[PDB]
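Descriptive structure summary
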Amino acid sequence: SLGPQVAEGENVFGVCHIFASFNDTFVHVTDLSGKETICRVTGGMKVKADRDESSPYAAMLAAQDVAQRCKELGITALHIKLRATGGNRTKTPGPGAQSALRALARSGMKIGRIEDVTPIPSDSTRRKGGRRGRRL
RNA sequence: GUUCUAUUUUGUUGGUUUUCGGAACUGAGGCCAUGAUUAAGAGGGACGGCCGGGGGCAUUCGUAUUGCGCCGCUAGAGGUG
Ligand SMILES: [Mg+2]
Ligand SMILES: [Mg+2]
């Protein structure tokens, strides 16, 4: 729980995988390989109503909790892998992406590289909904 | 040339054969200014270099989706106005 044994003067790097969907936000810090989870706080566990799971306020609250727990383990800098739902469905990142990443930059973390890892398909299976679409 | 063959021919009655005309076939010739309109801003075809998500058969690659196995940390995740 103390963290890495290393002298100062260098950063130790983790990676946060941000999943900014339209229904909630996942802030999920892991090591370089991605195999070891270090802290996963979701935007939906910081609100009392499930209408606000995707709120930018929840994303800000989630990132602050992740950053504070990240400081405990000793990680100082993060690489960003922004991600929308992607795949067959919509590919634009949700409202929580902007606020979740801004919080990590204001909570003492150091931002490394930013990349987009949304899963675009070469072509996927037929999409949910009728031929007439989701009409309302 | 061959065949069939009308009738003028032999003084007046009978027999053959020509010529003579009519019909047919056939051999060797002369000659034509000897004999085929052009090649459609019609078409068919051949030929030459290309061109194309045209067609059929086989092969090869891609991420995504779903499902399963293992590993990590966690209490929520999904959807909706
Ligand atoms: Mg229906
Ligand atoms: Mg309407």
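For the structure, see preceding data.
Reading guide: rules and limits
Residues numbered from 1 in each chain as written, not as in the entry; some residues may be left out. Chains lettered and ligands numbered in written order. Part of a larger assembly, values for the part shown. Heavy atoms only, no water. Helix = DSSP H or I, 4+ residues; strand = E, 2+ residues; numbered from the N terminus. Buried < 20%, exposed > 50% of the residue type's maximum accessible area, 1.4 Å probe, protein only. Contact = heavy atoms within 4.5 Å. Areas by Shrake-Rupley, 256 points an atom, 1.4 Å probe, with all protein chains shown as cover. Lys, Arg positive; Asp, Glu negative; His and termini not counted. Charge placed at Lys NZ, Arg CZ, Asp CG, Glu CD. Near = heavy atom within 4 Å. Polar contact = N/O pair within 3.5 Å; in protein donor to acceptor, adjacent residues only side chain to side chain. Nonpolar A, V, L, I, M, F, W, Y, C, P; charged D, E, K, R; others polar.

**Structural notes on the overall build of chain A**
- Helix and strand content of chain A: two helices and five strands.
- Reading chain A from its N terminus to its C terminus gives the helix and strand order β-β-β-α-β-α-β.
- Dimensions along the principal axes, computed over C-alpha positions, put chain A at roughly 60 × 35 × 20 Å.
- Counting over 136 residues, chain A shows a buried share of 30%.
- The long-range share in chain A, meaning contacts at least 24 apart out of those at least 6 apart in sequence, stands at 70%.
- Carbon and sulfur atoms form 48% of the exposed surface of chain A, whose accessible area is close to 9,300 Å².
- Taken as two groups, the 22 positive and 13 negative side-chain charges of chain A have centres that lie 11 Å from each other.

**As for the protein's contact with RNA strand B**
- In the vicinity of RNA strand B lie 24 residues, with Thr-37, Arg-40, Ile-120, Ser-122 and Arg-134 positioned nearest.
- Sugar and phosphate atoms constitute 67% of the interface atoms of RNA strand B, taking the interface as everything within 4 Å of the protein.
- Taking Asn-23, its side chain carries an N or O atom lying 2.7 Å from a phosphate oxygen of RNA strand B.
- A distance of 2.7 Å separates a phosphate oxygen of RNA strand B from a polar side-chain atom of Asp-24.
- Contributions of two or more residues to the surface near RNA strand B are made by β2 (25-30) and β3 (37-42).
- Sort the elements by how many residues they give to the surface near RNA strand B and β3 lands first, with three residues.
- Looking at side-chain class alone, the surface near RNA strand B contains six nonpolar, nine polar and nine charged residues.

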